[PDB]
Amino acid sequence: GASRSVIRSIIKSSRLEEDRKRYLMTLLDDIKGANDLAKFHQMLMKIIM
Amino acid sequence: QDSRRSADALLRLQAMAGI
C-alpha cells in the first residue's frame, strides 16, 4: 500500500486543475487507516485517468 | 468519529469520480 506521502505526490503530479488537486488533498487528511487510504488511492486512479 | 469522517471523505471522493 502506498503511503500518505506517495498518494499526495501523485495528486500533485497529476494534470487536474489546481482547485481539484487542492480539494483531493483536503480529503486525504480526513482519511484514516490503511484500508481507507488504499480505497482512496483506487478511486483517485479512476479520476486521474 | 474518525472512521466516519474517513468514510464521508471516500463518499465525497466517489462523487468526484462520478461513481
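Every heavy atom of this structure was used, including side-chain atoms; hydrogens, water molecules and symmetry mates were not. Lettering of chains follows the sequences in order, A, B, ..., and the numbering in each one begins at 1.
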Please report the shortest heavy-atom distance between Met16(B) and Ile47(A), naming the atom on each side.
CB-CD1, 4.2 Å
The reported gap from OG in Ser14(A) to CG in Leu24(A) (rounded to nearest 0.5 angstrom) is 7.5 Å
Between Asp29(A) and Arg5(B), does any side-chain N to carboxylate O distance fall below 4.0 Å?
no
Should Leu13(B) and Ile48(A) be counted in the same cluster of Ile, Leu, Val, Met, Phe, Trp and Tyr side chains packed under 4.5 Å apart?
yes
First locate atom CZ of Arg20(A), then atom CD of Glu18(A), and finally report the distance between them rounded to the nearest 0.5 Å.
11.0 Å
Main-chain N/O of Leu28(A) paired to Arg4(A) side chain as donor or acceptor, under 3.5 Å
yes
State whether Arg4(B) and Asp8(B) are salt-bridged, where the test is any N-O pair (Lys NZ or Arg NE/NH1/NH2 against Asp/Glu carboxylate O) under 4.0 Å.
no
Roughly how far, to the nearest 0.5 Å, is the CG atom of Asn35(A) from the OG atom of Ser6(B)?
9.5 Å
OG (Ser3(A)) and NE2 (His41(A)) are apart, to the nearest 0.5 Å, by 10.0 Å
Got a sec: does the NZ of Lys39(A) have more than 12 other heavy atoms crowding it under 6.0 Å?
no
So which of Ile31(A), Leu27(A), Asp30(A) actually passes side-chain contact (heavy atoms from CB on, under 4.5 Å) with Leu10(B)?
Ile31(A)
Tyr23(A) side, atom OH; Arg12(B) side, atom CZ - distance, nearest 0.5 Å:
4.5 Å
Distance from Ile11(A) atom CD1 to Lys21(A) atom NZ, nearest 0.5 Å?
10.0 Å
In the single-linkage hydrophobic clustering (I, L, V, M, F, W, Y; side-chain heavy atoms under 4.5 Å), do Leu11(B) and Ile19(B) co-cluster?
no
Treat each ILVMFWY residue as a node, draw an edge where side-chain heavy atoms are under 4.5 Å apart, and state whether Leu37(A) and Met45(A) are in one component.
no
So if you build clusters from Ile, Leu, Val, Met, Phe, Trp, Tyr with side-chain heavy-atom gaps below 4.5 Å, do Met25(A) and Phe40(A) land together?
yes
Minimum side-chain heavy-atom gap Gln14(B)-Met43(A) below 4.5 Å
yes
